[PDB]
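Beneath this line is the structure, given in structure tokens, with notes to follow.
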Amino acid sequence: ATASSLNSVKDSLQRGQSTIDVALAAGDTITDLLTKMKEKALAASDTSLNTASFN
Amino acid sequence: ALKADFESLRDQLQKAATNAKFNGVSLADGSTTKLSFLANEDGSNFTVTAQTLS
């Protein structure tokens, strides 16, 4: 009965690995958008741009 | 005649000083005291003091 019960534990572990894989797949694009946001802000910090570039 | 040419040159000088600008900003017309261009990724500036020529 114990050895049969272990299969559900393996299924739960595999389900948790799948959930973490989905979270990492989202984190890739989240980090990329954060990098592009830092680029846009660091470029906007310059005072030599005209108002249209800042907008 | 020398006075008239002197006044015409002063007007052309003021015009050329007015036209010294690049995409709406300048270091020559006196519209601003300085421009702070980027120096590093953290946002530190490389200041360039304006030199008015008006």
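A note on names: the letters A, B, ... follow the listed sequences, proteins ahead of strands, and every chain is numbered from 1. Side-chain atoms are counted along with the backbone in the values below, which use heavy atoms only and exclude waters and symmetry mates.
Going from atom CG of B/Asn23 over to atom OG of A/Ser48 covers 9.5 Å, rounded to the nearest 0.5 Å. The distance from the CG atom of B/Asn45 to the CG atom of A/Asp46 is 8.0 Å, given to the nearest 0.5 Å.
Between the side chain of A/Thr47 and the backbone N or O of B/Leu35, no donor-acceptor pair lies under 3.5 Å.
No more than 12 heavy atoms of other residues, nucleotides or ligands shown are found within 6.0 angstrom of CZ on A/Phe54. Heavy atoms from other residues, nucleotides or ligands lying under 6.0 Å from NZ of A/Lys38 number more than 12.
Nearest heavy atom pair, residue B/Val25 against residue A/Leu49, reads CG1-O, 4.3 Å.
Note on A/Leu13 and A/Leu6: separate hydrophobic clusters, where clusters join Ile, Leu, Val, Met, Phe, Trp and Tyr whose side-chain heavy atoms are under 4.5 Å apart, directly or indirectly. Under the 4.5 Å side-chain heavy-atom criterion for ILVMFWY residues, a single connected hydrophobic cluster contains both B/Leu27 and B/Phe46.
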